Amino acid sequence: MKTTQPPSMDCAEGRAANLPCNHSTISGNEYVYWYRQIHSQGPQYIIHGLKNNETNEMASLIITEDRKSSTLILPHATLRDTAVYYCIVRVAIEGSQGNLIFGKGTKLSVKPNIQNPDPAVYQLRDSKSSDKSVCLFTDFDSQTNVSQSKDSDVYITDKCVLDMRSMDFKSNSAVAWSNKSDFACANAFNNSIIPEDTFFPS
């Protein structure tokens, strides 16, 4: 393929994302296309260009004078912009003329701004049964990573950003549950680098 991109990239929410793309072997009759894919949805078209700069409601596209590289500028990055961004040269090659071949792309992670981090691990009881419970690690900083568990009988999810739109409040969270008797919320996330000031209620 004619495009190379950094595999991963982070962006602060509300800032602009500048995703780079290299395509030095591009021809004068080939366009540059940008797509993205959120989670398990169909790919979404963003923008395309030949030589000039282009702007639509979604982004801007900066193609250098020599056309050997380009940059996608996402204005005001939001959580909904977390996706894999694919830079594609729509090649003019025998047998595949006009094809859009997808590469690895760039995994963009829009990190929310947690102004007042209040990391804590709470225990939630089941609404039907009494023995079933989960452990909730919530309100921690966006710079914290939740690692997978050690045992196969302990289940830990990845970070998840919820948005209480009515209260102008966002917070990360990870869920952990098991049934090994020795499992407790005090040691549920010991495999992750948990902040020292994390609130462990009794």
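Residues carry their position along the shown sequence, with the first being 1.
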query	finding
192-200 or 2-10, whichever carries the higher mean Cα B-factor	192-200
151-159 versus 27-35 - greater average Cα B-factor per the deposited record	151-159
Selection from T78, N116, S109, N99 [criterion: highest C-alpha temperature factor in the record]	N116
Per the PDB entry, maximal CA B factor within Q44, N172, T55, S40	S40
Position of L136 among the chain's modelled residues by C-alpha B-factor, lowest, middle or highest third	lowest
Among modelled residues of the same chain, the CA temperature factor third for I73	middle
Ranked C-alpha temperature factor of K128 among modelled chain residues, by third	highest
Within-chain third of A176 by Cα B-factor, per the entry	middle
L61 - Cα temperature factor, lowest/middle/highest third of chain	lowest
